[PDB]
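What follows is a single structure, written as structure tokens, with notes after it.
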Amino acid sequence: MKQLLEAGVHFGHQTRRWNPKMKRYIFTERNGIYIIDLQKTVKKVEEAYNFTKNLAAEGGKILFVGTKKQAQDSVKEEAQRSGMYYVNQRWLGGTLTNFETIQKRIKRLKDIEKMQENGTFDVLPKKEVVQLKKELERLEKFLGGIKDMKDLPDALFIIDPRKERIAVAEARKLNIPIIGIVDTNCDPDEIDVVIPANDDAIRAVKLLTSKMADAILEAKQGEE
RNA sequence: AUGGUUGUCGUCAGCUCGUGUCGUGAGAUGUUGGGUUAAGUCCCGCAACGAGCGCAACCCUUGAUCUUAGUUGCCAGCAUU
């Protein structure tokens, strides 16, 4: 149930270069972009609300996938205060597709985290805690958010239809569900729940990650 | 026919694999791009993530001292040739 007047601050994206696939829902082109179709964004937002809620209540983690600059606040704050464990940094190569070696990276994050209070310092010299503290300092800042997915990512809320293209291929690898807000200059048939709206406005990112993350959040704690 | 052993290419810095992806395939990707180093050394981007031998360091010697300890070694500080 998208805020229809509140949706009037997140309709707009690239234009003059829009493919034929993700342009069927286009309203019209008035001199700067194609105006995205509003009512399609509303009804699709309802499909993400009901399907994201009811499918999110089956118990599986939601992958708050985000790439772009200023797309990490909506996914880190949205999922990090939501219930999913996503990755808003530069994308790891083959995130779900590796599924074990990313786990062993979770092992280096595990001994790096638990080695902080594990007497990791004060055993070896200053090069040990210095180089190793650089190791978790340059490991946790890249691949820490996967700790909220010990099983496979049951769904991929990807927030970047172009920058996250290797992610869309990764979820294309398994039969996993990958719904996401893909821009006007994107490919339509690659995703299963199209959020046909822009992503340029950061307030559009807060409305997208807030509707998604709040959808899975409010739909999930209602068991008691 | 060989085991064992040893030269050089050369202390030059390379040489590979597990997993994943691409490509019908052989293959590739990592190992390429950006700098920086003696170094595939280090860092950062990167469809890759990791590890193995290599590099390095660890070993010995070399110039600085401390502490232990002074005999055949050293002789300041005294007599002695």
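By convention in this document, the chains of the structure tokens carry letters A, B, ... by their order, each chain's residues are numbered from 1, and ligands are numbered from 1 in the order they are shown.
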Inset, instruction - Select residues of chain B: the criterion is any atom within 8 Å of an atom of chain A, counting only C-alpha atoms (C1' of nucleotides); output as a list in words. - result: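 Residues of chain B within 8 Å of chain A, counting only C-alpha atoms (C1' of nucleotides): residues 19, 20, 21, 47, 48, 49 and 50 of chain B.
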Inset, instruction - Just list the residues in stretch 37-157 of chain A DSSP gives helix (DSSP H, G or I) on the backbone, as an NGL selection string. - result: :A and (38-56 or 72-80 or 95-98 or 101-114 or 126-137 or 140-143 or 145-148)
Legend entry - Members of chain A assigned strand (DSSP E) by DSSP, as a list in words: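 Here is the list: residues 26, 27, 28, 29, 34, 35, 36, 62, 63, 64, 65, 155, 156, 157, 158, 179, 180, 193 and 194 of chain A.
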Please produce a file of the residues just selected, as an mmCIF file, in the first residue's frame, where the atoms kept are N, CA, C and O atoms.
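See result.cif below for the written result:
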```cif
data_model
loop_
_atom_site.group_PDB
_atom_site.id
_atom_site.type_symbol
_atom_site.label_atom_id
_atom_site.label_comp_id
_atom_site.auth_asym_id
_atom_site.auth_seq_id
_atom_site.Cartn_x
_atom_site.Cartn_y
_atom_site.Cartn_z
ATOM 1 N N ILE A 26 5.938 2.769 -19.312
ATOM 2 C CA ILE A 26 6.253 4.192 -19.331
ATOM 3 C C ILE A 26 4.986 4.999 -19.581
ATOM 4 O O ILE A 26 4.174 4.664 -20.451
ATOM 5 N N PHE A 27 4.810 6.068 -18.810
ATOM 6 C CA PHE A 27 3.634 6.910 -18.974
ATOM 7 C C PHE A 27 3.757 7.774 -20.218
ATOM 8 O O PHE A 27 2.962 7.654 -21.154
ATOM 9 N N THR A 28 4.763 8.639 -20.254
ATOM 10 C CA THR A 28 4.992 9.510 -21.397
ATOM 11 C C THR A 28 6.357 10.146 -21.212
ATOM 12 O O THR A 28 6.977 10.014 -20.155
ATOM 13 N N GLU A 29 6.817 10.835 -22.251
ATOM 14 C CA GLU A 29 8.110 11.509 -22.243
ATOM 15 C C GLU A 29 7.880 13.005 -22.396
ATOM 16 O O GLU A 29 7.457 13.465 -23.461
ATOM 17 N N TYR A 34 11.430 9.774 -19.582
ATOM 18 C CA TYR A 34 10.107 9.183 -19.638
ATOM 19 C C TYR A 34 9.526 9.243 -18.232
ATOM 20 O O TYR A 34 10.184 8.845 -17.267
ATOM 21 N N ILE A 35 8.319 9.780 -18.104
ATOM 22 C CA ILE A 35 7.624 9.737 -16.824
ATOM 23 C C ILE A 35 7.214 8.289 -16.594
ATOM 24 O O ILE A 35 6.517 7.701 -17.426
ATOM 25 N N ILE A 36 7.686 7.699 -15.492
ATOM 26 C CA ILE A 36 7.327 6.323 -15.168
ATOM 27 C C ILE A 36 5.841 6.254 -14.836
ATOM 28 O O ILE A 36 5.232 7.240 -14.404
ATOM 29 N N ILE A 62 16.049 -12.285 3.822
ATOM 30 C CA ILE A 62 15.913 -11.415 2.661
ATOM 31 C C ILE A 62 17.252 -10.732 2.448
ATOM 32 O O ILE A 62 17.833 -10.186 3.391
ATOM 33 N N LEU A 63 17.751 -10.780 1.218
ATOM 34 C CA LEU A 63 19.038 -10.193 0.881
ATOM 35 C C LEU A 63 18.816 -8.763 0.414
ATOM 36 O O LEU A 63 18.403 -8.532 -0.726
ATOM 37 N N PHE A 64 19.085 -7.808 1.293
ATOM 38 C CA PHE A 64 18.990 -6.397 0.941
ATOM 39 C C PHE A 64 20.224 -6.088 0.112
ATOM 40 O O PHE A 64 21.276 -5.729 0.636
ATOM 41 N N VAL A 65 20.096 -6.239 -1.204
ATOM 42 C CA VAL A 65 21.210 -6.051 -2.129
ATOM 43 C C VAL A 65 21.182 -4.622 -2.647
ATOM 44 O O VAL A 65 20.163 -4.161 -3.175
ATOM 45 N N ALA A 155 15.901 -15.086 -0.742
ATOM 46 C CA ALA A 155 15.343 -14.089 -1.642
ATOM 47 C C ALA A 155 16.342 -12.950 -1.747
ATOM 48 O O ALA A 155 17.121 -12.714 -0.822
ATOM 49 N N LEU A 156 16.314 -12.248 -2.878
ATOM 50 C CA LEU A 156 17.306 -11.220 -3.174
ATOM 51 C C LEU A 156 16.598 -9.920 -3.530
ATOM 52 O O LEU A 156 16.272 -9.686 -4.697
ATOM 53 N N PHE A 157 16.371 -9.073 -2.536
ATOM 54 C CA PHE A 157 15.879 -7.729 -2.799
ATOM 55 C C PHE A 157 17.047 -6.898 -3.312
ATOM 56 O O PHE A 157 17.774 -6.286 -2.525
ATOM 57 N N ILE A 158 17.238 -6.889 -4.627
ATOM 58 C CA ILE A 158 18.354 -6.197 -5.262
ATOM 59 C C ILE A 158 17.902 -4.787 -5.608
ATOM 60 O O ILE A 158 16.871 -4.604 -6.262
ATOM 61 N N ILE A 179 13.296 -10.085 -6.551
ATOM 62 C CA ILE A 179 12.439 -8.943 -6.837
ATOM 63 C C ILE A 179 13.222 -7.688 -6.498
ATOM 64 O O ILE A 179 14.048 -7.682 -5.583
ATOM 65 N N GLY A 180 12.976 -6.619 -7.245
ATOM 66 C CA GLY A 180 13.743 -5.406 -7.068
ATOM 67 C C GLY A 180 13.283 -4.254 -7.934
ATOM 68 O O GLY A 180 12.660 -4.465 -8.976
ATOM 69 N N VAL A 193 9.695 -9.553 -9.563
ATOM 70 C CA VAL A 193 8.815 -8.556 -8.971
ATOM 71 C C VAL A 193 9.416 -7.219 -9.378
ATOM 72 O O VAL A 193 10.367 -6.743 -8.750
ATOM 73 N N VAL A 194 8.887 -6.620 -10.434
ATOM 74 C CA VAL A 194 9.406 -5.350 -10.923
ATOM 75 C C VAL A 194 8.897 -4.229 -10.029
ATOM 76 O O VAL A 194 7.700 -4.139 -9.739
#
```
Inset, instruction - Excluding residue A:58 and residues on its chain fewer than 4 positions from it, collect all residues at most 12 Å away from it, counting only C-alpha atoms (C1' of nucleotides), and give them as a count of residues only. - result: 12
Inset, instruction - Would you list the contacts of residue A:44 as an MDAnalysis selection string, taking every protein, DNA or RNA residue within 10 Å and counting only C-alpha atoms (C1' of nucleotides), but skipping same-chain residues closer than 4 positions in sequence? - result: chainID A and resid 1:2 38:40 48:50 181 193:196
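Proximity ranking of B:36, B:55, B:31, B:67 relative to residue B:12 places B:55 first, based on only C-alpha atoms (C1' of nucleotides).
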Inset, instruction - Considering only C-alpha atoms (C1' of nucleotides), return as a ChimeraX atom specification whatever protein or nucleic-acid residues lie within 12 Å of residue A:14, sequence-local ones (same chain, fewer than 3 positions apart) excluded. - result: /A:11,17-19,22-23,26,29,31-36,162,182-186,197-201
Legend entry - All residues 12 Å or closer to residue B:43, only C-alpha atoms (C1' of nucleotides), same chain fewer than 3 positions away omitted, as JSON, numbers by chain: {"A": [134, 138], "B": [34, 35, 36, 37]}
Output file for the residues above (C-alpha atoms (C1' of nucleotides), as a PDB file, in the first residue's frame):
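See selection-v6.pdb below for the written result:
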```
ATOM      1  CA  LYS A 134      44.252  -4.350   9.399  1.00  0.00           C
ATOM      2  CA  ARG A 138      39.798  -4.514   5.552  1.00  0.00           C
TER       3      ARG A 138
ATOM      4  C1'   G B  34      45.692   1.585 -11.330  1.00  0.00           C
ATOM      5  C1'   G B  35      50.028   2.857  -8.704  1.00  0.00           C
ATOM      6  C1'   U B  36      54.478   1.289  -5.741  1.00  0.00           C
ATOM      7  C1'   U B  37      58.604  -2.138  -4.851  1.00  0.00           C
TER       8        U B  37
END
```
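For residue A:135, the residues within 10 Å (counting only C-alpha atoms (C1' of nucleotides), excluding itself and residues fewer than 5 positions away along the chain) are residues 108, 109, 112, 129, 130, 140 and 141 of chain A.
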Legend entry - atom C1' of residue B:56 to atom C1' of residue B:40, straight-line distance in Å: 13.1 Å
Inset, instruction - Counting only C-alpha atoms, figure out which residue out of A:66, A:12, A:20, A:60 gets nearest to residue A:152. - result: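 Of A:66, A:12, A:20, A:60, the one nearest residue A:152 is A:60, counting only C-alpha atoms.
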Inset, instruction - Rounded to one decimal place, report the atom CA of residue A:118-atom CA of residue A:139 distance in Å. - result: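 Computed distance, atom CA of residue A:118 to atom CA of residue A:139, equals 17.7 Å.
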Inset, instruction - Would you mind reading off the distance between atom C1' of residue B:57 and atom CA of residue A:128, one decimal, in Å? - result: 13.4 Å
